[PDB]
Structures are given as C-alpha cells and as structure tokens.
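Q: Can you read through this structure? Questions will come right after.
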Protein chains: 2
Amino acid sequence: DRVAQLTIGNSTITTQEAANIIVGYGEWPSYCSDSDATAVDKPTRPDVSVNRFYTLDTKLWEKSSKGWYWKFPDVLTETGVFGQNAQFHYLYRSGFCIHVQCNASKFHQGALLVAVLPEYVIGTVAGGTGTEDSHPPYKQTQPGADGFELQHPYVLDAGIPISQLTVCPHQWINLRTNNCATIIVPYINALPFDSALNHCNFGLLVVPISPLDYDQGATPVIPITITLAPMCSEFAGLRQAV
Amino acid sequence: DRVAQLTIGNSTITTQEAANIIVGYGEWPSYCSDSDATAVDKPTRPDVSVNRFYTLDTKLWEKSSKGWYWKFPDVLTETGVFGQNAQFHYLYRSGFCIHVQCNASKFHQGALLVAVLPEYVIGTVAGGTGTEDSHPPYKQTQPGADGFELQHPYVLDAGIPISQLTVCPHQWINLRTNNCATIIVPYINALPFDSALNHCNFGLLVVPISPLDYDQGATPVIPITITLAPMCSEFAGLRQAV
C-alpha cells in the first residue's frame, strides 16, 4: 500500500526489509562546502530532475548465473538527464541510493550478495595456464547500464576472494527472508572531483552465493530489478562537445 | 567601465541611454501563480542557466537595407539550453529582455525603429499585379535565429503601415543620439500556455526609417547586435522526442 515517489518517476516498494538500510561506511552523501577553490563558476547542484528514480532493464537470475556487476557513474552515463550532465561536464561528484529487488515465489530458493566495492579494477585471464598481459576492453571495464556478467565469481574477476566481499558495504538478499536490498553510497575518492566518463568511483556487485533452485514447472528465471538515485550530485566543469 | 553580468555569459553595455528602458504595455514579465489546473506536474521554472544572455550573429546595416525581423520564441528555438527546453516540452510561456545595439562613428548617420508586434502574421506578394493566394514558407514565417529581411518595409510585409508601428512597444535608435535600445516584453496570449515551435507570440522589428549614410572611406556597414534574455520562462509539457 506504500508507493515511494521522489520525482517525475514513481516506484512501488516495501521498506525497510530485514536489516533496514545500509549506509556505506556510516556516512550519508554530502554536498561540497569545502572544496576546492572556491570559484564563482563552482558546482552546479541540480535537483531533483537529474537526481531521480532510474530503473535499469531487469536481469534474469538462473540456476547457472555466475553474477553481475555495474560501474558507477558509468551506468547512468548515457541514461537520461544525468547522462547528459555527466558527458558535457569536466568535473563530477555524486552519491547514490542503490536499490536491488527480486520478485520470486515462496517456492523459489537462493541468496544474492549485493555489495559495493570502490575502485573495482577488473583483471581478465592471461590464458588458462600462462602469463599473457591483456587488459579488459571497454565492454568489460565500463559495461554501461546493461552491466556485465562475472567470468570467475570466486575471485571477483580480479584475483580477490568473494568470501571476503562483506568487508564492503553490503546487504544480503535471501529469497526465504527478504526480496530487496538498499545501499547508500557517499562520494569516495582521493580527490573532491573527477571525470565521470574516465573514472568509475565504485562498482556494484550482485552475486548468487547460494544458487537459484526450484522444482520443474515454476518460473525458471527470477528477475532482479535495480533502481538507483543519485543524491548529492555535483557538476563543476562547464562546456563540452561530444 | 560597466559590465553587466547575469549568468555564465557576460556583456559590456551602456545603460540606460536616451529614454531609459521601455517596459512593454507597462507590465513586467511574471510567473504563473494563476493558471491553470493547478497540477503537480505543473510548470518547470528554470533559472538562471536557461534564462541567460543570448547574443545572436550580428546583422550588417547598409545604405540599402530595408530592415529585419525575428520571431519569438522561434529565434532561440534551436539556440542552447533554451532551445532544448522549447523543443522537448508541450506547453511554453515566457517574457523577454530584448537589447539591440549599434556600433558606429560620430560620422555615420541613420535611425532605426525597433518595435515589438504581438502575433506578427506575414503576408507575401500575390503577384505584383494580381490575386494568387500563396502563403510564406517556414523560412519566412519562422526564420530562426538568423532573422529575415523585409521585402516591403512600408507595409511591414503584412499590408500594415510602418508609419504607425510606434503603437507597439518601441524605442528609437538614432546614431546621432543613442546607439542602443532595450525593450521588456511580458507574455502576451489569449491562453496562459502555448506551443513554442508552432506559435510565435510576437515579432521583433528593426527598420531603418532614416537611411544609413556616410562619406566614402568610412566603414560602409554598421553592425546591429542583438542580445536577448528570457525572464520568467515557464515550461509545462513533460516529455517529447524530436
């Protein structure tokens, strides 16, 4: 009976689940009172048009799915008015409300680990047995709004153990218990502003740790819907031409 | 020594000339507290980004120039962020600060009548002597930011005498006396909102009533620079796709 409305776009969702909302590193997104000049040409802080409810195309969870990831702000970099601001500016800074939701029956099974990893650098294979230095293409490093599937979830496609991914801001989605997860991410960088199109401040991982299962006859694919809203987006730069 | 700055764009100009600023029909541009629903999706009132100093390409005044006209909001309809708002919205409403300026020596001569005529309907020739019903093309009715030159200034290209154009909000530019003119135009319509791309609320006329003259050796063309800034622009509509 609860419909959460923010903007021009409206979303129906139950809140706040099993463990409430996870605020990453105990820190809400904030504007930039501090940095850096201060110049008159200083940040352009839009609201609430740009900072609205963006819902990506749904992903289909399967018995054999290895997991997916998205890069920020690369996901929205070509999406709507946020996409417009990110492209035709020089400096960028923002926080995010990330919301991941499943729709499944009480007869389905499985557990997703949803986590946020700052500076998520991808490493691909150098040959199954060998040392060939190839670096991932744009389709893999900056996979856009469509995201990308993990090749080796155990090492998070970066030689780093997923068993310890819970050191990052995270929330579990156990179909048995909850169908949704919300994570709040502040701007995290060694600089106050950076390039939106050349630097991805963090990655969003959604990995099945307990595989999807069901008896035959039930819907064989479970939808994972992702809604995300930028929170204290700030655009310096000025003019640009694609 | 005075530089008027409003926005992202800055303009150097002396103010306020011979007769001060002409406020059309004694009425400043206003927002829309009244009309019409009121709906929640109601107007989007941008500031000050969209409502900035737009300076069109300069026109060259000649001994033989008959005069020019521009249509509003057709002029800015493809110009910058205002152009963007006007195209991808359904309803539009705005006022304008129109500023026309000449650069000439104390050895040049001439007088421009700068006036604003609401609902400026163009009529072309039906044959020099005859009755053929042809209607002006888009290039003439909605000439864009580049404006259009009058064919028959005496009848304002509409069978209407220019000798009486001073019934409209107007200001004289007499090179002898002044080099600039400023006119303030409120939104004038039989409706509170309308189409920006299909309806031109008013026209801007600049006509030499006393022809440009000079002795040979002086610069033979006098520049007419036009700077205009929307004032209480209001955009209802919502979504659109070109």
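Naming works like this for the structure tokens: A, B, ... for the chains as they're shown, residue 1 at the start of each chain, ligands 1 onward in shown order.
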Please, which residues in chain B fall within 10 Å of chain A when counting only C-alpha atoms, and what is the closest atom pair and distance in Å to one decimal for each, ordered by chain then residue number, as CSV?

A:
```
residue,atom,partner,partner_atom,distance
B:7,CA,A:41,CA,9.8
B:8,CA,A:41,CA,7.9
B:40,CA,A:8,CA,9.8
B:41,CA,A:8,CA,7.9
B:44,CA,A:49,CA,9.9
B:49,CA,A:44,CA,9.9
B:238,CA,A:8,CA,9.2
```

Q: Could you write those residues out with N, CA, C and O atoms, as a PDB file, in the first residue's frame?

A:
```
ATOM      1  N   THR B   7      24.799  35.705 -15.685  1.00  0.00           N
ATOM      2  CA  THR B   7      24.819  34.271 -15.810  1.00  0.00           C
ATOM      3  C   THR B   7      26.226  33.724 -15.992  1.00  0.00           C
ATOM      4  O   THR B   7      27.179  34.100 -15.308  1.00  0.00           O
ATOM      5  N   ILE B   8      26.306  32.802 -16.934  1.00  0.00           N
ATOM      6  CA  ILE B   8      27.520  32.251 -17.479  1.00  0.00           C
ATOM      7  C   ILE B   8      28.108  33.149 -18.583  1.00  0.00           C
ATOM      8  O   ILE B   8      29.309  33.125 -18.850  1.00  0.00           O
ATOM      9  N   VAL B  40       0.199  18.825 -10.204  1.00  0.00           N
ATOM     10  CA  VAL B  40       1.517  18.617  -9.584  1.00  0.00           C
ATOM     11  C   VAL B  40       2.635  18.675 -10.632  1.00  0.00           C
ATOM     12  O   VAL B  40       3.736  19.153 -10.362  1.00  0.00           O
ATOM     13  N   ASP B  41       2.327  18.181 -11.829  1.00  0.00           N
ATOM     14  CA  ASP B  41       3.265  18.125 -12.954  1.00  0.00           C
ATOM     15  C   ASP B  41       3.503  19.522 -13.549  1.00  0.00           C
ATOM     16  O   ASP B  41       4.299  19.694 -14.471  1.00  0.00           O
ATOM     17  N   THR B  44       7.757  23.998 -14.895  1.00  0.00           N
ATOM     18  CA  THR B  44       9.151  23.855 -14.537  1.00  0.00           C
ATOM     19  C   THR B  44       9.765  25.217 -14.803  1.00  0.00           C
ATOM     20  O   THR B  44       9.875  25.638 -15.952  1.00  0.00           O
ATOM     21  N   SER B  49      20.499  29.559 -15.607  1.00  0.00           N
ATOM     22  CA  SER B  49      21.067  28.837 -16.744  1.00  0.00           C
ATOM     23  C   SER B  49      20.359  29.066 -18.065  1.00  0.00           C
ATOM     24  O   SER B  49      20.933  29.628 -18.995  1.00  0.00           O
ATOM     25  N   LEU B 238       6.157  18.053 -20.665  1.00  0.00           N
ATOM     26  CA  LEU B 238       6.808  16.980 -19.920  1.00  0.00           C
ATOM     27  C   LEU B 238       7.896  16.331 -20.788  1.00  0.00           C
ATOM     28  O   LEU B 238       9.043  16.782 -20.798  1.00  0.00           O
TER      29      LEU B 238
END
```

Q: Mind checking which residues fall within 6 Å of range 183-194 of chain A, counting only C-alpha atoms, ignoring those fewer than 4 positions away in the same chain, and posting them as a ChimeraX atom specification?

A: /A:22-24,28-29,91-98

Q: Quick one: pick out all strand (DSSP E) residues within range 18-145 of chain B from a backbone DSSP run and write them as a PDB file with N, CA and C atoms, in the first residue's frame.

A:
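Generated file (states-v3.pdb):
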```
ATOM      1  N   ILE B  22      12.161  50.654 -22.094  1.00  0.00           N
ATOM      2  CA  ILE B  22      10.736  50.587 -22.386  1.00  0.00           C
ATOM      3  C   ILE B  22      10.147  49.280 -21.882  1.00  0.00           C
ATOM      4  N   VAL B  23       9.258  49.377 -20.900  1.00  0.00           N
ATOM      5  CA  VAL B  23       8.516  48.214 -20.440  1.00  0.00           C
ATOM      6  C   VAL B  23       7.218  48.116 -21.226  1.00  0.00           C
ATOM      7  N   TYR B  54      21.749  35.644 -24.394  1.00  0.00           N
ATOM      8  CA  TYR B  54      21.980  35.102 -25.727  1.00  0.00           C
ATOM      9  C   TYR B  54      22.227  36.226 -26.723  1.00  0.00           C
ATOM     10  N   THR B  55      23.361  36.175 -27.407  1.00  0.00           N
ATOM     11  CA  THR B  55      23.681  37.189 -28.400  1.00  0.00           C
ATOM     12  C   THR B  55      23.738  36.588 -29.795  1.00  0.00           C
ATOM     13  N   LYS B  59      23.953  41.605 -37.466  1.00  0.00           N
ATOM     14  CA  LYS B  59      23.454  41.995 -38.780  1.00  0.00           C
ATOM     15  C   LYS B  59      24.193  43.224 -39.292  1.00  0.00           C
ATOM     16  N   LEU B  60      24.373  43.302 -40.605  1.00  0.00           N
ATOM     17  CA  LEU B  60      25.078  44.426 -41.207  1.00  0.00           C
ATOM     18  C   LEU B  60      24.125  45.419 -41.862  1.00  0.00           C
ATOM     19  N   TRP B  61      24.068  46.615 -41.287  1.00  0.00           N
ATOM     20  CA  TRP B  61      23.228  47.694 -41.784  1.00  0.00           C
ATOM     21  C   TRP B  61      23.904  48.370 -42.973  1.00  0.00           C
ATOM     22  N   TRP B  68      14.909  44.222 -40.870  1.00  0.00           N
ATOM     23  CA  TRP B  68      14.876  42.811 -40.496  1.00  0.00           C
ATOM     24  C   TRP B  68      13.782  42.521 -39.481  1.00  0.00           C
ATOM     25  N   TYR B  69      13.416  41.250 -39.351  1.00  0.00           N
ATOM     26  CA  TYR B  69      12.555  40.840 -38.252  1.00  0.00           C
ATOM     27  C   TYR B  69      12.908  39.460 -37.717  1.00  0.00           C
ATOM     28  N   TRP B  70      12.570  39.247 -36.451  1.00  0.00           N
ATOM     29  CA  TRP B  70      12.776  37.980 -35.770  1.00  0.00           C
ATOM     30  C   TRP B  70      11.481  37.547 -35.096  1.00  0.00           C
ATOM     31  N   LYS B  71      11.267  36.242 -34.977  1.00  0.00           N
ATOM     32  CA  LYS B  71      10.065  35.742 -34.319  1.00  0.00           C
ATOM     33  C   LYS B  71      10.388  35.071 -32.986  1.00  0.00           C
ATOM     34  N   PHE B  72       9.574  35.355 -31.976  1.00  0.00           N
ATOM     35  CA  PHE B  72       9.755  34.768 -30.652  1.00  0.00           C
ATOM     36  C   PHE B  72       8.642  33.779 -30.328  1.00  0.00           C
ATOM     37  N   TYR B  92       4.521  26.058 -23.234  1.00  0.00           N
ATOM     38  CA  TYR B  92       5.576  27.047 -23.033  1.00  0.00           C
ATOM     39  C   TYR B  92       5.007  28.424 -22.712  1.00  0.00           C
ATOM     40  N   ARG B  93       5.763  29.199 -21.943  1.00  0.00           N
ATOM     41  CA  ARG B  93       5.381  30.558 -21.580  1.00  0.00           C
ATOM     42  C   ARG B  93       6.607  31.323 -21.085  1.00  0.00           C
ATOM     43  N   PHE B  96      10.611  38.404 -22.152  1.00  0.00           N
ATOM     44  CA  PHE B  96      11.921  38.642 -22.749  1.00  0.00           C
ATOM     45  C   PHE B  96      12.480  40.028 -22.489  1.00  0.00           C
ATOM     46  N   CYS B  97      13.770  40.082 -22.183  1.00  0.00           N
ATOM     47  CA  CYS B  97      14.507  41.333 -22.228  1.00  0.00           C
ATOM     48  C   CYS B  97      15.234  41.374 -23.561  1.00  0.00           C
ATOM     49  N   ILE B  98      14.816  42.275 -24.439  1.00  0.00           N
ATOM     50  CA  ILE B  98      15.412  42.377 -25.761  1.00  0.00           C
ATOM     51  C   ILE B  98      16.315  43.599 -25.831  1.00  0.00           C
ATOM     52  N   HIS B  99      17.569  43.399 -26.228  1.00  0.00           N
ATOM     53  CA  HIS B  99      18.508  44.511 -26.282  1.00  0.00           C
ATOM     54  C   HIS B  99      19.195  44.627 -27.642  1.00  0.00           C
ATOM     55  N   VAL B 100      18.978  45.749 -28.322  1.00  0.00           N
ATOM     56  CA  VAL B 100      19.536  45.976 -29.652  1.00  0.00           C
ATOM     57  C   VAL B 100      20.591  47.081 -29.630  1.00  0.00           C
ATOM     58  N   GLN B 101      21.774  46.822 -30.188  1.00  0.00           N
ATOM     59  CA  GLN B 101      22.857  47.804 -30.113  1.00  0.00           C
ATOM     60  C   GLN B 101      23.607  47.998 -31.427  1.00  0.00           C
ATOM     61  N   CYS B 102      23.916  49.254 -31.739  1.00  0.00           N
ATOM     62  CA  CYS B 102      24.746  49.602 -32.890  1.00  0.00           C
ATOM     63  C   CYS B 102      26.144  50.065 -32.484  1.00  0.00           C
ATOM     64  N   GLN B 109      25.351  58.093 -39.951  1.00  0.00           N
ATOM     65  CA  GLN B 109      24.018  58.688 -39.907  1.00  0.00           C
ATOM     66  C   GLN B 109      22.957  57.611 -39.971  1.00  0.00           C
ATOM     67  N   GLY B 110      21.780  57.894 -39.433  1.00  0.00           N
ATOM     68  CA  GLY B 110      20.669  56.978 -39.594  1.00  0.00           C
ATOM     69  C   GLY B 110      19.834  56.758 -38.360  1.00  0.00           C
ATOM     70  N   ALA B 111      18.647  56.202 -38.568  1.00  0.00           N
ATOM     71  CA  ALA B 111      17.719  55.953 -37.479  1.00  0.00           C
ATOM     72  C   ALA B 111      16.999  54.627 -37.657  1.00  0.00           C
ATOM     73  N   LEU B 112      17.084  53.780 -36.640  1.00  0.00           N
ATOM     74  CA  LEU B 112      16.352  52.526 -36.639  1.00  0.00           C
ATOM     75  C   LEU B 112      15.125  52.627 -35.749  1.00  0.00           C
ATOM     76  N   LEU B 113      14.010  52.085 -36.219  1.00  0.00           N
ATOM     77  CA  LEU B 113      12.859  51.913 -35.357  1.00  0.00           C
ATOM     78  C   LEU B 113      12.844  50.472 -34.895  1.00  0.00           C
ATOM     79  N   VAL B 114      12.994  50.277 -33.592  1.00  0.00           N
ATOM     80  CA  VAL B 114      12.948  48.945 -33.020  1.00  0.00           C
ATOM     81  C   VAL B 114      11.628  48.773 -32.295  1.00  0.00           C
ATOM     82  N   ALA B 115      10.828  47.811 -32.736  1.00  0.00           N
ATOM     83  CA  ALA B 115       9.499  47.634 -32.174  1.00  0.00           C
ATOM     84  C   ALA B 115       9.158  46.165 -31.989  1.00  0.00           C
ATOM     85  N   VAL B 116       8.161  45.914 -31.149  1.00  0.00           N
ATOM     86  CA  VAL B 116       7.701  44.565 -30.863  1.00  0.00           C
ATOM     87  C   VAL B 116       6.212  44.441 -31.162  1.00  0.00           C
ATOM     88  N   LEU B 117       5.874  43.577 -32.113  1.00  0.00           N
ATOM     89  CA  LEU B 117       4.492  43.409 -32.545  1.00  0.00           C
ATOM     90  C   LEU B 117       3.980  41.999 -32.268  1.00  0.00           C
ATOM     91  N   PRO B 118       3.063  41.867 -31.296  1.00  0.00           N
ATOM     92  CA  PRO B 118       2.466  40.572 -30.956  1.00  0.00           C
ATOM     93  C   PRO B 118       1.687  39.989 -32.127  1.00  0.00           C
TER      94      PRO B 118
END
```

Q: For a test of reading the model, state the distance in Å between CA of residue 125 in chain B and CA of residue 162 in chain B, rounded to one decimal.

A: 17.1 Å

Q: Would you mind writing down, as an MDAnalysis selection string, each residue of range 104-189 of chain A that DSSP on the backbone assigns to alpha helix (DSSP H)?

A: chainID A and resid 138:141

Q: Just checking: using only C-alpha atoms, which residue out of A:51, A:105, A:10, A:84 ends up closest to residue 229 in chain A?

A: A:51

Q: As a JSON list (two decimals) with N, CA and C atoms, in the first residue's frame, please: the residues near residue 216 in chain A (cut-off 12 Å, only C-alpha atoms, same-chain neighbours under 5 positions excluded).

A:
```
[["chain", "number", "residue", "atom", "x", "y", "z"],
["A", 63, "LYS", "N", 19.66, -20.75, -12.68],
["A", 63, "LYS", "CA", 20.35, -21.76, -11.89],
["A", 63, "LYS", "C", 21.86, -21.66, -12.10],
["A", 107, "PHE", "N", 8.25, -20.62, -3.24],
["A", 107, "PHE", "CA", 8.73, -21.94, -3.64],
["A", 107, "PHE", "C", 10.08, -21.88, -4.35],
["A", 108, "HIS", "N", 10.63, -20.68, -4.47],
["A", 108, "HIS", "CA", 11.96, -20.49, -5.02],
["A", 108, "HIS", "C", 13.01, -20.39, -3.92],
["A", 221, "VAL", "N", 13.26, -18.41, -14.37],
["A", 221, "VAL", "CA", 14.13, -17.25, -14.25],
["A", 221, "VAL", "C", 13.56, -16.20, -13.30]]
```

Q: I need the residue nearest residue 85 in chain B from this list: B:66, B:106, B:45, B:176. Use only C-alpha atoms for the distance.

A: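 Comparing B:66, B:106, B:45, B:176 against residue 85 in chain B, the winner is B:45.
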
Q: Return the single residue from B:9, B:137, B:237, B:67 that is closest to residue 150 in chain B, with distances computed using only C-alpha atoms.

A: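 Under the stated criterion, the closest residue is B:67.
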
Q: Can you tell me how far CA of residue 74 in chain B sits from CA of residue 53 in chain B, in Å to one decimal?

A: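 For CA of residue 74 in chain B relative to CA of residue 53 in chain B, the distance reads 16.2 Å.
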
Q: Would you pick out the contacts of residue 11 in chain A at 9 Å or less, using only C-alpha atoms, so that residues sharing its chain but fewer than 4 positions from it are not included, and give the list as a PyMOL selection string?

A: chain A and resi 3-6+53+227

Q: Keeping N, CA and C atoms, export the residues of the selection given above as a compact mmCIF listing (two decimals), in the first residue's frame.

A:
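Just written: result23.txt:
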```txt
# COMPACT_ATOMS: atom_id res chain seq x y z
N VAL A 3 3.68 3.60 -1.79
CA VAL A 3 4.31 3.96 -3.05
C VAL A 3 5.26 5.13 -2.81
N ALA A 4 6.55 4.88 -3.02
CA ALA A 4 7.58 5.89 -2.77
C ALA A 4 7.78 6.75 -4.01
N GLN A 5 7.47 8.03 -3.88
CA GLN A 5 7.63 8.95 -5.00
C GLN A 5 8.56 10.11 -4.64
N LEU A 6 9.40 10.47 -5.60
CA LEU A 6 10.58 11.30 -5.39
C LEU A 6 10.55 12.46 -6.36
N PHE A 53 14.51 8.67 -9.80
CA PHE A 53 14.49 7.21 -9.79
C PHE A 53 14.75 6.62 -11.16
N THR A 227 16.95 -0.23 -9.04
CA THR A 227 16.59 1.18 -9.07
C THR A 227 17.65 1.98 -8.33
```

Q: Expressed in Å to a single decimal, how great is the separation between CA of residue 80 in chain A and CA of residue 32 in chain B?

A: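 Separation between CA of residue 80 in chain A and CA of residue 32 in chain B: 27.7 Å.
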
Q: For residue 198 in chain A, please output as a PyMOL selection string all residues within 10 Å (counting only C-alpha atoms; exclusion window: fewer than 2 positions along the same chain).

A: chain A and resi 73-74+142+194-196+200-201

Q: Keeping only N, CA, C and O atoms, write those residues as a PDB file, in the first residue's frame.

A:
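Now in out16.pdb:
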```pdb
ATOM      1  N   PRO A  73      30.101   6.176 -12.126  1.00  0.00           N
ATOM      2  CA  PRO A  73      28.769   6.509 -12.635  1.00  0.00           C
ATOM      3  C   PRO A  73      28.524   6.001 -14.050  1.00  0.00           C
ATOM      4  O   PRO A  73      27.589   6.459 -14.702  1.00  0.00           O
ATOM      5  N   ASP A  74      29.353   5.071 -14.511  1.00  0.00           N
ATOM      6  CA  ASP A  74      29.285   4.579 -15.884  1.00  0.00           C
ATOM      7  C   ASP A  74      27.903   4.063 -16.283  1.00  0.00           C
ATOM      8  O   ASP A  74      27.527   4.135 -17.451  1.00  0.00           O
ATOM      9  N   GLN A 142      33.931  -0.778 -18.485  1.00  0.00           N
ATOM     10  CA  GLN A 142      32.822   0.166 -18.372  1.00  0.00           C
ATOM     11  C   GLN A 142      31.617  -0.326 -19.169  1.00  0.00           C
ATOM     12  O   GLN A 142      31.331   0.191 -20.248  1.00  0.00           O
ATOM     13  N   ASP A 194      36.190  14.522 -10.032  1.00  0.00           N
ATOM     14  CA  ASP A 194      36.899  13.713 -11.014  1.00  0.00           C
ATOM     15  C   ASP A 194      36.109  13.592 -12.314  1.00  0.00           C
ATOM     16  O   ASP A 194      35.048  14.195 -12.463  1.00  0.00           O
ATOM     17  N   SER A 195      36.631  12.808 -13.253  1.00  0.00           N
ATOM     18  CA  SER A 195      35.961  12.601 -14.531  1.00  0.00           C
ATOM     19  C   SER A 195      34.917  11.497 -14.425  1.00  0.00           C
ATOM     20  O   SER A 195      35.208  10.399 -13.953  1.00  0.00           O
ATOM     21  N   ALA A 196      33.701  11.792 -14.865  1.00  0.00           N
ATOM     22  CA  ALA A 196      32.614  10.825 -14.805  1.00  0.00           C
ATOM     23  C   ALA A 196      32.788   9.702 -15.824  1.00  0.00           C
ATOM     24  O   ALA A 196      32.420   8.557 -15.563  1.00  0.00           O
ATOM     25  N   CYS A 200      35.572   5.412 -12.780  1.00  0.00           N
ATOM     26  CA  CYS A 200      34.427   4.810 -12.119  1.00  0.00           C
ATOM     27  C   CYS A 200      34.703   4.669 -10.625  1.00  0.00           C
ATOM     28  O   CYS A 200      35.446   3.783 -10.209  1.00  0.00           O
ATOM     29  N   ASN A 201      34.106   5.550  -9.826  1.00  0.00           N
ATOM     30  CA  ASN A 201      34.388   5.614  -8.393  1.00  0.00           C
ATOM     31  C   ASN A 201      34.177   4.301  -7.647  1.00  0.00           C
ATOM     32  O   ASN A 201      34.940   3.976  -6.741  1.00  0.00           O
TER      33      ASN A 201
END
```
